[PDB]
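A lone chain, given as structure tokens: the form deposited without the partner chain.
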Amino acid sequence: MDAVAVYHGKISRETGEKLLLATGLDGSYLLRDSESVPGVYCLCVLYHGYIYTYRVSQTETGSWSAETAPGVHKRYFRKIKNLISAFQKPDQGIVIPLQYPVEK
């Protein structure tokens, strides 16, 4: 999914943290592969020095969703860009909205 500008398919978690931290800007975000769950992705956003990371998975039928807390309705999205657009809006259940894309 190279068409996702914010997707960095060759970086590690550590590399992901350094890129975000380098922005010095809360709300900066990227997507990377998980280094713990093969085949899963990680949506990473900077807040007060820490990188809040949401595992993102594709369904057996093609749609996308983010790890969701217990007792909360999970949302699915046809396109990854759609999931990303949703979480750029205020009050969607992540620590701060996705605000500044850190692009390839």
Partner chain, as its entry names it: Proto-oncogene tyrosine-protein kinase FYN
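Positions refer to the first chain, counted from 1. Heads up, when I say rigid core I mean the largest set of C-alphas that superpose within 1.5 Å between the two forms.
Not on display, but discussed next: the form solved in complex with the partner chain.
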* Asked: So in the deposited complex, does residue 85 come within 4.5 Å of the partner chain, heavy atom to heavy atom?
  -> no
* Heavy atom within 4.5 Å of the partner chain in the deposited complex - qualifying residues of 59-92 -> 61, 63, 75, 76, 77, 78, 79, 81, 82
* To do: Using a superposition on the rigid core, decide whether the Cα position of residue 40 changes by 2 angstroms or more between this form and the one not shown.
  => no
